[PDB]
């Protein structure tokens, strides 16, 4: 399938260079198609990135939904790990998709919708923990959930991209889980 070959080529090329340094000819060439055939499937390379990002985000969303449908520290660690493993398996798409937020309304909306959904879920679990007496009623659950999920987005991204500063990738899950558990269950 030619559309899949375009997507595979784009992800492969994003490992080596940013989207600005990839041409439609590069994408068409790697996919084994002509430039006009490429434009049948996508109007631009930015549309290719949007489709790649949608597939990665959808993969994380489906894994989280699978977890949601089935100790306290391990509960949170298993969910945070979905983000760690899913986006960490597509670091080039993740990095390019984060950068495209500044210039693409569709990319920004894709990220925003996903984040709002799992912030709302986080808040609902915190509320449930408070209802059963396991967690104290401290901050508004939705505000706490927002900050913790923004921390995870920024901190996981830093670890993936090798940024300075960053938590080493091999330490970042423990670091985030500690902060989540102490801030959710601590007085």
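Residue numbers count along the first chain shown, from 1.
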*In the deposited sequence, how many residues between residue 70 and residue 71 have no modelled coordinates (none, 1 to 3, 4 to 9, 10 or more)?*
4 to 9
_Tell me which stretch, 126-134 or 141-149, has the higher mean Cα B-factor listed in the entry._
126-134
*asked:* Per the record, averaged over C-alpha atoms, which has the higher B-factor: 26-34 or 150-158?
replied: 26-34
*Using the entry's values, work out which of 115, 80, 99, 93 has the largest Cα B factor.*
99
*Chain-wide C-alpha B factor ranking for residue 168, given as lowest, middle or highest third*: lowest
*Would you mind checking where the Cα B-factor of residue 181 ranks among the modelled residues of its chain, as the lowest, middle or highest third?*
lowest
